[PDB]
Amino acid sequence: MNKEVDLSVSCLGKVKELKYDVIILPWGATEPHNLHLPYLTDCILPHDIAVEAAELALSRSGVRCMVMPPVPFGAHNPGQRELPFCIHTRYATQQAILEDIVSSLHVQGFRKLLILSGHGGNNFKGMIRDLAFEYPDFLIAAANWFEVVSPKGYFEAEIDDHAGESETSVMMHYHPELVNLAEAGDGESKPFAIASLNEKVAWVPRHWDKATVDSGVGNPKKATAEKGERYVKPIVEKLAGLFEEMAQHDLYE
């Protein structure tokens, strides 16, 4: 438990006299993840990663970041909304939320935000361009935690898009109590009938009811806690460096 950098457990007494340089907003989804992983995986993983990166930036450079509570409202695909307790969030709803967050942070004096997404269906570039014009003095960056470091050499499964080896391993590391690997299905996935879409000539969202069986995309069976521990270490290190640099530099000098 870290009240200095994790708002989810913090209180005003602990934060009111401290200077904060960068705000971190974990952004996930309420989404089924194969049969074995939590509905809130895309919130929990970026939150725990962000807190660790915040701890490193503080101990390493004295840069203090606050990790906000994660946003559980993700954008989903055809076939997912019909699965129980999967919440599809319209883009405009997500934008309204980010607007309200940035408005408040701005009033509070903050000027640097990183959105750390745990859901690949979330896209923030358009929202960020629009807010760049409303709040010209407020820097907003965006990343998916799972794109900071390539999974090559860290995991065996070749297909690993959702609730696969990487997500399961990272969950096993941070919260082994939240996942029983023995409960996982194989995460078999089916391609489109339009070859050009499989060749990525153009993009169409995967339909979950046609493309998946257990809601996972990728076999998680070789996942371990140790694999998760090893993978997140360079992720945390690179994110901490970004927080430090966002704190220490203007965007252009």
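Sequential numbering from 1, following the sequence displayed.
Judged by mean Cα B factor in the deposited record, 59-67 ranks above the other of 26-34 and 59-67. If you average the C-alpha B-factors over 206-214 and over 36-44, the higher value belongs to 206-214. For residue 18, the recorded CA B-factor ranks within the highest third of the chain. Only modelled residues enter the ranking. Annotation for residue 193: CA B-factor lies in the highest third of the chain's modelled residues. For residue 152, the recorded CA B-factor ranks within the highest third of the chain. Only modelled residues enter the ranking. Among the modelled residues of its chain, residue 112 has a C-alpha B-factor that falls in the lowest third, as given in the PDB entry. Ranked against the other modelled residues of its chain, the C-alpha B-factor of residue 177 as given in the entry falls in the highest third.
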